[PDB]
Amino acid sequence: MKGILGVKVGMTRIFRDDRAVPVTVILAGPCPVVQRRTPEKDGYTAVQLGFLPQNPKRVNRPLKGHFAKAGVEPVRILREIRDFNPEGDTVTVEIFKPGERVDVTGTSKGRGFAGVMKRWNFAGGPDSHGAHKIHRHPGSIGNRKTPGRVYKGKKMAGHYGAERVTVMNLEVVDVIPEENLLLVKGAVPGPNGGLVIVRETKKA
Amino acid sequence: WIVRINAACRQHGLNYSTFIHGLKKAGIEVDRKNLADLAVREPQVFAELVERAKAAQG
Amino acid sequence: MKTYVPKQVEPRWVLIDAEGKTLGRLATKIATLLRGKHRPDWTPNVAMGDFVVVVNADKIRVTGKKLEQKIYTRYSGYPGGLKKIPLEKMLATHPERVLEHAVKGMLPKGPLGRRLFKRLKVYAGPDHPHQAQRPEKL
Amino acid sequence: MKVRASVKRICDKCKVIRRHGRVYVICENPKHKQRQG
Amino acid sequence: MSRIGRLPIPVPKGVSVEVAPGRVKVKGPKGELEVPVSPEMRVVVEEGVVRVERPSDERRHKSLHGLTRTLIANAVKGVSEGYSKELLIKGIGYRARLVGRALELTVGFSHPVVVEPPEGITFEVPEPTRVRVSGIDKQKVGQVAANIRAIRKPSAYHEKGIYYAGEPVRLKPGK
RNA sequence: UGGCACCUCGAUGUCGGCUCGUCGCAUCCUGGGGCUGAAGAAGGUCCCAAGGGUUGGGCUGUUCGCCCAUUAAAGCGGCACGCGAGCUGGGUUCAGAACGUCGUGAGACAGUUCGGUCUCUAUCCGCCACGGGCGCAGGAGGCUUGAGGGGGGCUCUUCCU
RNA sequence: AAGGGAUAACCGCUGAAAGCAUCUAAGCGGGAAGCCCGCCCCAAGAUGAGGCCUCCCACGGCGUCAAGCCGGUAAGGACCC
Ligand SMILES: [Mg+2]
Ligand SMILES: [Mg+2]
Ligand SMILES: [Mg+2]
Ligand SMILES: [Mg+2]
Ligand SMILES: [Mg+2]
Ligand SMILES: [Mg+2]
Ligand SMILES: [Mg+2]
Ligand SMILES: [Mg+2]
Ligand SMILES: [Mg+2]
Ligand SMILES: [Mg+2]
Ligand SMILES: [Mg+2]
Ligand SMILES: [Mg+2]
Ligand SMILES: [Mg+2]
Ligand SMILES: [Mg+2]
Ligand SMILES: [Mg+2]
Ligand SMILES: [Mg+2]
Ligand SMILES: [Mg+2]
Ligand SMILES: [Mg+2]
Ligand SMILES: [Mg+2]
Ligand SMILES: [Mg+2]
Ligand SMILES: [Mg+2]
Ligand SMILES: [Mg+2]
Ligand SMILES: [Mg+2]
Ligand SMILES: [Mg+2]
Ligand SMILES: [Mg+2]
Ligand SMILES: [Mg+2]
Ligand SMILES: [Mg+2]
Ligand SMILES: [Mg+2]
Ligand SMILES: [Mg+2]
Ligand SMILES: [Mg+2]
Ligand SMILES: [Mg+2]
Ligand SMILES: [Mg+2]
Ligand SMILES: [Mg+2]
Ligand SMILES: [Mg+2]
Ligand SMILES: [Zn+2]
């Protein structure tokens with residue numbers, strides 16, 4: 001199960017032989033590994049990567065002080081990529097091949113305290129025809145005496161977005177070796193600058 | 001008191017219903033369930049009360 | 001006030017073997033050992049029901065057509081969430097929840113018996129990290 | 001036939017088999033087999 | 001009345017029957033088998049024959065006597081290749097050619113069915129119009145023959161099915 | 001539809017629609033199977049199965065019901081004939097007025113028609129989200145397994161065979 | 001979803017009771033958009049409070065003694081922009 005740390009840098013169109021492909025260029029550069037798990041130590045046996053460089057003065061040293069591999073500590077979240085196993089130095093893009101289906105797991109855009117019509121795609125009341133204040137309200141939220149209480153998960157307003165979102169079955173278009181970039185087929189979760197992990201899709 | 005007497009007499013080889021049947025028939029109504037403090041405090045004589053109660057089954 | 005003081009000292013350790021002994025009938029002497037019926041110094045408010053570890057939580061014998069038919073119940077507050085799990089699934093994986101639910105259904109329900117559920121460890125081994133000295137009783 | 005509450009032996013070569021708790025009745029011709037339910 | 005087990009075993013080419021204190025293992029000139037036995041009922045391993053003995057008379061001692069004997073009686077002739085178990089196929093253009101052991105066959109589908117045999121099952125194919133399933137144990141042959149039945153269902157107003165001996169009692173035509 | 005009149009007359013807002021759902025199967029389809037008066041397709045009936053769907057319109061205030069075009073289907077019910085501290089007021093259960101009938105008349109009709117005030121502030125439970133304190137038996141920075149819980153759990157057409 | 005297990009209706013194999021027969025009384029199977037697995041996030045307030053790596057740590061005074069009598073301080077955290 002191949003995977004990588006990446007960051008969205010924007011999206012555009014590429015041109016194939018006949019059809020244009022809505023690619024997302026994504027910067028999954030050289031990722032230093034810092035720690036390997038073990039079945040005899042923790043069991044689940046994952047591998048811990050970290051990707052983007054940090055100057056050694058903003059660190060606080062429970063973090064500064066990892067051993068020989070990746071002495072220069074990275075910035076972002078040291079993600080473990082779930083039974084992937086590299087050789088030991090770094091993970092480049094050439095682990096991936098063009099024509100493979102890759103999963104992208106990132107962090108989507110939080111819309112704030114988003115509404116119920118924008119959040120759960122309701123319909124609401126009409127604008128005309130006497131409607132007092134129902135133009136964006138959800139409406140009825142239950143029943144009278146039996147059952148009484150409102151059920152759990154009634155799909156009302158709250159914090160829509162800003163959660164870890166996985167978009168799946170993305171085919172690899174092109175690989176850029178000199179800057180270590182990837183070109184997925186659109187619809188990556190996350191903004192311009194949102195870190196993702198890119199695994200292998202199954203879909204066997 | 002029934003839980004203390006039934007708890008203390010059980011490891012001697014007889015439960016509460018076996019224990020009281022010797023006391024009501026043998027004329028040795030002494031315990032009367034207020035005397036659980038020999039089954040708790042000093043059991044070397046309450047064990048002798050078990051010795052007097054186990055022979056009074058017939 | 002007459003001197004009926006329990007004088008609580010030294011909670012002890014008893015492990016119970018479950019090779020071929022049936023549940024229920026096992027869980028009643030586990031119930032009286034977790035309660036404290038074996039001790040003559042009884043007072044029902046202080047927890048004197050001693051530390052009991054049960055070994056060999058696997059292959060507990062059940063009688064009749066109860067395996068595959070005795071279905072447990074675990075409710076979620078979400079609507080439609082009534083996950084029905086059979087006894088053969090409860091013995092295929094997670095064997096400890098059968099005995100923990102059997103002792104939980106027999107202990108008292110207040111903050112005393114809720115504390116008594118802490119004093120009952122379940123292990124399908126035979127191995128357990130309680131390693132001072134463990135006398136076995138049946 | 002099919003699932004009925006009463007079970008009777010049409011065309012006397014029926015065999016009555018109690019399998020898995022409930023009663024089936026079978027023959028050579030499968031248009032006379034019955035389940036009680 | 002004759003309860004199965006009131007008449008003895010005796011077997012020429014006298015295969016070995018051992019104790020196996022809860023079960024029965026039978027070793028023969030071809031293969032070994034396995035018969036589970038209820039521990040309360042006692043089958044004994046004397047010279048020549050294999051005796052069977054039940055304690056009492058209830059709904060388990062009267063049927064397990066006969067179950068326990070008869071499942072040995074299958075394993076008596078089982079380990080000496082006493083099962084032919086033909087499967088003759090009908091059809092206008094149906095046949096069954098064999099490549100190794102996975103028996104593919106044309107049963108009118110858009111692809112020839114590849115039958116994957118289990119361990120110890122021999123697909124002897126002398127003819128394109130009839131095959132036969134051989135092995136050691138009777139359960140292992142009858143189960144796989146039932147799997148051959150699981151592809152094509154016979155007696156659907158005409159031919160092109162299997163019958164285990166050949167028995168068209170199909171039903172009336174529909175014109 | 002009824003019968004009863006047991007809490008409710010210091011009042012528990014009544015029909016219908018919009019939004020929002022949830023549950024049962026005695027299943028409308030999709031998924032399996034038996035029988036057939038099942039040659040194949042399309043069918044009829046019955047058993048298991050509620051996981052997901054169950055259209056867009058015209059008519060009337062309508063639930064229901066009748067038609068147009070489709071689909072595989074436009075299921076039956078409960079949740080105070082779900083839902084007015086969410087909304088609508090078209091009908092009915094207000095005062096105006098008129099029509100037909102009854103009544104000498106005042107007026108009345110479970111007969112018809114036009115119009116007719118729908119009540120800013122959430123205390124507690126519930127729910128959607130986000131927090132403070134403390135705990136996690138030395139104090140912190142990270143990584144992460146998962147006891148458990150929800151989402152999705154569809155389906156049609158064309159071609160080869 | 002592709003795939004795995006146990007399955008409902010249904011189809012079985014072997015086989016006595018009941019020398020025959022039988023899907024069942026012992027067992028072994030096949031068998032659904034159904035159930036549990038599997039995908040994704042929530043999640044150790046899972047007090048049952050998990051696991052791993054790294055940094056710091058004896059007195060600096062004294063009880064009802066290693067703070068559970070207190071003042072600064074290491075790693076760190078907090079205030080402010
Ligand atoms: Mg934002
Ligand atoms: Mg709108
Ligand atoms: Mg308005
Ligand atoms: Mg208004
Ligand atoms: Mg309630
Ligand atoms: Mg649901
Ligand atoms: Mg009524
Ligand atoms: Mg009255
Ligand atoms: Mg009042
Ligand atoms: Mg009212
Ligand atoms: Mg009213
Ligand atoms: Mg049904
Ligand atoms: Mg019906
Ligand atoms: Mg069907
Ligand atoms: Mg047909
Ligand atoms: Mg449902
Ligand atoms: Mg539904
Ligand atoms: Mg309403
Ligand atoms: Mg109101
Ligand atoms: Mg209301
Ligand atoms: Mg109105
Ligand atoms: Mg109006
Ligand atoms: Mg008027
Ligand atoms: Mg206002
Ligand atoms: Mg509030
Ligand atoms: Mg908090
Ligand atoms: Mg997590
Ligand atoms: Mg889980
Ligand atoms: Mg919980
Ligand atoms: Mg689930
Ligand atoms: Mg037969
Ligand atoms: Mg069966
Ligand atoms: Mg089965
Ligand atoms: Mg299966
Ligand atoms: Zn018949």
# chains A, B, ... in the order shown; residues from 1 in each chain; ligands from 1
$ residues_near_ligand --ligand "ligand 6" --cutoff "9 Å" --atoms "only C-alpha atoms (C1' of nucleotides) and all ligand atoms" --output "number ranges by chain"
C: 79-81; F: 51, 150-151, 153
$ residues_around --residues "region 18-24 of chain B" --least-positions-apart "3" --cutoff "7 Å" --atoms "only C-alpha atoms (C1' of nucleotides)" --output "list in words"
residues 14, 15, 27, 28, 29, 53, 54, 56 and 57 of chain B
$ residues_around --residues "region 13-27 of chain C" --least-positions-apart "2" --cutoff "12 Å" --atoms "only C-alpha atoms (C1' of nucleotides)" --output "PyMOL selection string"
chain C and resi 10-11+29-35+38+48-64+66+95-96+98-107+119-128+130-138
$ closest_atom_pairs --of "chain F" --to "ligand 14" --cutoff "9 Å" --atoms "only C-alpha atoms (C1' of nucleotides) and all ligand atoms" --output "Markdown table"
| residue | atom | partner | partner_atom_place_in_ligand_line | distance |
| --- | --- | --- | --- | --- |
| F:30 | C1' | ligand 14 | 1 (Mg) | 8.2 |
| F:31 | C1' | ligand 14 | 1 (Mg) | 6.9 |
| F:32 | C1' | ligand 14 | 1 (Mg) | 7.3 |
$ closest_atom_pairs --of "chain F" --to "ligand 17" --cutoff "10 Å" --atoms "only C-alpha atoms (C1' of nucleotides) and all ligand atoms" --output "CSV"
residue,atom,partner,partner_atom_place_in_ligand_line,distance
F:23,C1',ligand 17,1 (Mg),9.3
F:50,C1',ligand 17,1 (Mg),5.5
F:51,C1',ligand 17,1 (Mg),8.4
F:52,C1',ligand 17,1 (Mg),7.2
F:53,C1',ligand 17,1 (Mg),7.7
F:54,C1',ligand 17,1 (Mg),8.9
$ interface_residues --of "chain A" --to "chain G" --cutoff "8 Å" --atoms "only C-alpha atoms (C1' of nucleotides)" --output "list in words"
residues 41, 42, 61, 62, 63, 64, 65, 66, 163, 164, 165, 166, 203 and 204 of chain A
$ closest_atom_pairs --of "chain F" --to "ligand 8" --cutoff "10 Å" --atoms "only C-alpha atoms (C1' of nucleotides) and all ligand atoms" --output "JSON lines"
{"residue": "F:4", "atom": "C1'", "partner": "ligand 8", "partner_atom_place_in_ligand_line": "1 (Mg)", "distance": 9.4}
{"residue": "F:5", "atom": "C1'", "partner": "ligand 8", "partner_atom_place_in_ligand_line": "1 (Mg)", "distance": 7.3}
{"residue": "F:6", "atom": "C1'", "partner": "ligand 8", "partner_atom_place_in_ligand_line": "1 (Mg)", "distance": 9.2}
$ write_last_selection --atoms "N, CA and C atoms (P, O5', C5', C4', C3', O3' and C1' of nucleotides)" --output "PDB file, in the first residue's frame"
ATOM      1  P     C F   4     -71.939   5.182  23.796  1.00  0.00           P
ATOM      2  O5'   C F   4     -71.144   4.869  25.139  1.00  0.00           O
ATOM      3  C5'   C F   4     -71.426   3.708  25.903  1.00  0.00           C
ATOM      4  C4'   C F   4     -70.218   3.268  26.687  1.00  0.00           C
ATOM      5  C3'   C F   4     -69.584   4.337  27.559  1.00  0.00           C
ATOM      6  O3'   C F   4     -70.245   4.460  28.807  1.00  0.00           O
ATOM      7  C1'   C F   4     -67.904   3.149  26.359  1.00  0.00           C
ATOM      8  P     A F   5     -71.095   5.776  29.157  1.00  0.00           P
ATOM      9  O5'   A F   5     -70.065   6.684  29.956  1.00  0.00           O
ATOM     10  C5'   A F   5     -69.144   6.103  30.872  1.00  0.00           C
ATOM     11  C4'   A F   5     -67.753   6.665  30.705  1.00  0.00           C
ATOM     12  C3'   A F   5     -67.549   8.081  31.236  1.00  0.00           C
ATOM     13  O3'   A F   5     -66.229   8.206  31.753  1.00  0.00           O
ATOM     14  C1'   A F   5     -67.097   8.031  28.911  1.00  0.00           C
ATOM     15  P     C F   6     -65.968   8.038  33.328  1.00  0.00           P
ATOM     16  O5'   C F   6     -64.823   6.937  33.407  1.00  0.00           O
ATOM     17  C5'   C F   6     -63.983   6.845  34.545  1.00  0.00           C
ATOM     18  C4'   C F   6     -62.537   7.045  34.174  1.00  0.00           C
ATOM     19  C3'   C F   6     -62.160   8.431  33.680  1.00  0.00           C
ATOM     20  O3'   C F   6     -61.987   9.383  34.713  1.00  0.00           O
ATOM     21  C1'   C F   6     -61.225   6.804  32.247  1.00  0.00           C
TER      22        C F   6
END
$ closest_atom_pairs --of "chain G" --to "chain D" --cutoff "10 Å" --atoms "only C-alpha atoms (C1' of nucleotides)" --output "JSON lines"
{"residue": "G:21", "atom": "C1'", "partner": "D:15", "partner_atom": "CA", "distance": 8.8}
{"residue": "G:22", "atom": "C1'", "partner": "D:17", "partner_atom": "CA", "distance": 7.2}
{"residue": "G:23", "atom": "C1'", "partner": "D:19", "partner_atom": "CA", "distance": 7.5}
{"residue": "G:24", "atom": "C1'", "partner": "D:19", "partner_atom": "CA", "distance": 6.4}
{"residue": "G:25", "atom": "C1'", "partner": "D:19", "partner_atom": "CA", "distance": 9.4}
$ write_last_selection --atoms "C-alpha atoms (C1' of nucleotides)" --output "PDB file, in the first residue's frame"
ATOM      1  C1'   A G  21     -37.001 -44.328   2.609  1.00  0.00           C
ATOM      2  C1'   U G  22     -35.575 -39.471   4.750  1.00  0.00           C
ATOM      3  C1'   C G  23     -31.937 -32.132   4.425  1.00  0.00           C
ATOM      4  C1'   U G  24     -31.498 -34.022  10.773  1.00  0.00           C
ATOM      5  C1'   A G  25     -32.017 -36.847  15.305  1.00  0.00           C
TER       6        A G  25
END
$ interface_residues --of "chain E" --to "chain F" --cutoff "10 Å" --atoms "only C-alpha atoms (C1' of nucleotides)" --output "MDAnalysis selection string"
chainID E and resid 109:111 156:158 173:175
$ residues_around --residues "residue 36 (chain G)" --least-positions-apart "6" --cutoff "10 Å" --atoms "only C-alpha atoms (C1' of nucleotides)" --output "MDAnalysis selection string"
(chainID C and resid 85 89) or (chainID G and resid 5:6)
$ write_last_selection --atoms "N, CA, C and O atoms (P, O5', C5', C4', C3', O3' and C1' of nucleotides)" --output "PDB file, in the first residue's frame"
ATOM      1  N   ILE C  85     -26.470  -9.161  18.481  1.00  0.00           N
ATOM      2  CA  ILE C  85     -25.271  -9.983  18.327  1.00  0.00           C
ATOM      3  C   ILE C  85     -25.509 -11.358  18.941  1.00  0.00           C
ATOM      4  O   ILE C  85     -25.873 -11.452  20.122  1.00  0.00           O
ATOM      5  N   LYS C  89     -21.233 -15.413  17.935  1.00  0.00           N
ATOM      6  CA  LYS C  89     -20.380 -14.283  17.595  1.00  0.00           C
ATOM      7  C   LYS C  89     -19.694 -13.725  18.836  1.00  0.00           C
ATOM      8  O   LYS C  89     -18.532 -13.306  18.767  1.00  0.00           O
TER       9      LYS C  89
ATOM     10  P     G G   5     -15.897 -18.217   2.833  1.00  0.00           P
ATOM     11  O5'   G G   5     -16.473 -18.011   4.304  1.00  0.00           O
ATOM     12  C5'   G G   5     -15.688 -18.318   5.448  1.00  0.00           C
ATOM     13  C4'   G G   5     -16.352 -17.845   6.717  1.00  0.00           C
ATOM     14  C3'   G G   5     -17.769 -18.340   6.944  1.00  0.00           C
ATOM     15  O3'   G G   5     -17.808 -19.654   7.470  1.00  0.00           O
ATOM     16  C1'   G G   5     -17.666 -16.017   7.372  1.00  0.00           C
ATOM     17  P     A G   6     -18.992 -20.657   7.055  1.00  0.00           P
ATOM     18  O5'   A G   6     -20.196 -20.239   8.011  1.00  0.00           O
ATOM     19  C5'   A G   6     -20.047 -20.264   9.422  1.00  0.00           C
ATOM     20  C4'   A G   6     -21.128 -19.467  10.104  1.00  0.00           C
ATOM     21  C3'   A G   6     -22.554 -19.819   9.714  1.00  0.00           C
ATOM     22  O3'   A G   6     -23.046 -20.956  10.399  1.00  0.00           O
ATOM     23  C1'   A G   6     -22.280 -17.472   9.669  1.00  0.00           C
TER      24        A G   6
END
$ residues_near_ligand --ligand "ligand 11" --cutoff "8 Å" --atoms "only C-alpha atoms (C1' of nucleotides) and all ligand atoms" --output "list in words"
residues 13, 14 and 93 of chain F
